[PDB]
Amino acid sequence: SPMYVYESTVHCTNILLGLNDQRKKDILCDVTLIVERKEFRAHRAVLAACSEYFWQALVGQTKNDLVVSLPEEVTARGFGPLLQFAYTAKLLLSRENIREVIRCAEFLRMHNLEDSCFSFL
């Protein structure tokens, strides 16, 4: 009658690696975001999981090949690493893009993604 329990330490990370690989090959994606004239494929469900901003942006949408344009405040240079972060749990930035990424994150209303989150390699 007792219960056997398994909690996988690797599963979440492997799922995420799988989804990121899909994104990079544009396999099984469902939304095209246009960010400052650049196309980015993603899974709306992953995006809406990370943020209320994308939740409201993507919940109703009932279209073949959905296409959502982000406003001018969101640039490609700031968004790219934030999209990749949603798929890896990792941000790795340099002097070139750190400001824009942080500024993008505040527009996309990501709580407490600030200066002080970052560390040195």
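One-based numbering along the sequence shown.
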request  = Would you determine, from the values in the PDB entry, which of 17 to 25 and 108 to 116 has the greater average C-alpha temperature factor?
outcome  = 108 to 116
remark   = Mean Cα B-factor check, 57 to 65 vs 71 to 79, entry values; winner is 57 to 65
Most elevated Cα B-factor in the entry, residues 38, 90, 44, 41 = 38
task = Grab the CA temperature factor for residue 51 from the record and place it in the lowest, middle or highest third of its chain.
result = highest
